[PDB]
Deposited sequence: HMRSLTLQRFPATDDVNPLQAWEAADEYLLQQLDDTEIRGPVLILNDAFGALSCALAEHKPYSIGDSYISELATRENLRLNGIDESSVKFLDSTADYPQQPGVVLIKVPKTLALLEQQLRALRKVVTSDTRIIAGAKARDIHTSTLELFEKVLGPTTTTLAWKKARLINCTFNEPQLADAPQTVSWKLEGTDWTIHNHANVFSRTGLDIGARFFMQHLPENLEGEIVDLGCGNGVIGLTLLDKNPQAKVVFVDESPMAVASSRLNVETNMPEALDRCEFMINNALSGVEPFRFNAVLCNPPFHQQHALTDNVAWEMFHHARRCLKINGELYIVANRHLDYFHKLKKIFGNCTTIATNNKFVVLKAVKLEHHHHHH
């Protein structure tokens, strides 16, 4: 956009509708064209760093719940000959810089994340703060606006431009009851309470894919085993409780997922903390090959799952095992067989299948 060269993480080609930026980003930017910018500049959910690159000279803070976004942003900064140091990266749960002058928000996929972010902004914005949100027009719902009025203040909206649309907010500090950071629920059949940060997968209750997976999890495992894409950590917890001698690596792209996992171990079995590693990563990038005895994965429901499978194969030991839950209809059996040479169906739901591939 605007003479910047920008690439998605995993880079895509020219006919892939998925690109590094969308109209919404440019529309947002254009709101500031006739503006003298006063930092701090906060940028939320900047997916591949388009806004961060555009506004680097102002030394923006890029806030979000995605390490992939940070990686992508650093790459794009480099492709544009901009210093990495120009952009400061913050997790969504962190304390935001006080008295920001400009807050740009890409509306996130989930209402819950948006609300936690607006409550976090509520602590730092003033009525002088220029607050603007942008997204595909179709992603701007009445509920979105309502959220804004509830937490920050009165909203104005713009016309559509290339399927994108924006919201302007003027901070009112409206009357608001405080709300918890996490949503908790009891894991059936357990003494465990599972806490879930705003952006965590299936945060309101146990995922049925995971419920099916937990029944056919491998036991009597040693060495290190991976909860690859851990989310709230439930699989990891179950592995710790099932494999007394193993250490468990909780891995997720989302710092909120990792935080949730850490919290759930600290909360439901602190005596096991000595055997846990909590890693924020893009799958297993930069991880030593031949390190693990087992990897367990409930891939997002794709290029992604295949990336995970490959990482799994690479970092597994010989005879190490990858276990997966997947929707029954995807051809994951054959992708696994291709990647590993083998594959075995452990179990199958009405909707889910648990697969197993050995590293050869």
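- By the record, the deposited chain contains unmodelled runs at 1, 303 to 309, 369 to 375, with no C-alpha atoms placed there.
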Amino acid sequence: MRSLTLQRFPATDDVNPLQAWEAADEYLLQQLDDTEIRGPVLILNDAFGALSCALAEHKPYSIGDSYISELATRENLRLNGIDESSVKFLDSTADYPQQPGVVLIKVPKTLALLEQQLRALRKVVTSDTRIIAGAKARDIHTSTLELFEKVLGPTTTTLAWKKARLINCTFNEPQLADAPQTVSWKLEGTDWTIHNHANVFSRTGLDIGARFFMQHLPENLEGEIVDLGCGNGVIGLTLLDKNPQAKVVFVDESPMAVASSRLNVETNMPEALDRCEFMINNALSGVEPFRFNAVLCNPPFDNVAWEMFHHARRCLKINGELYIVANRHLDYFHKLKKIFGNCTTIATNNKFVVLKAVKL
From here on, numbers count along this sequence of modelled residues.
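- With 170 to 178 and 123 to 131 compared on mean CA B-factor from the PDB entry, the stretch scoring higher is 170 to 178.
- Looking at 213 to 221 and 84 to 92 together, the entry lists the larger mean B-factor for 213 to 221, computed on C-alpha atoms.
- Considering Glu75, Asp139, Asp274, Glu115 together, the PDB entry gives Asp274 the largest C-alpha B factor.
- If you compare the C-alpha temperature factors of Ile105, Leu152, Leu228, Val183 in the entry, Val183 comes out highest.
- In this PDB entry, the Cα temperature factor of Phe48 sits in the bottom third of its chain's modelled residues, the lowest group.
- Sort the modelled residues of the chain by CA B factor and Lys163 lands in the lowest third.
- Sort the modelled residues of the chain by CA B factor and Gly64 lands in the lowest third.
- Ranked against the other modelled residues of its chain, the C-alpha B-factor of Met1 as given in the entry falls in the middle third.
- Among the modelled residues of its chain, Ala24 has a C-alpha B-factor that falls in the lowest third according to the deposited record.
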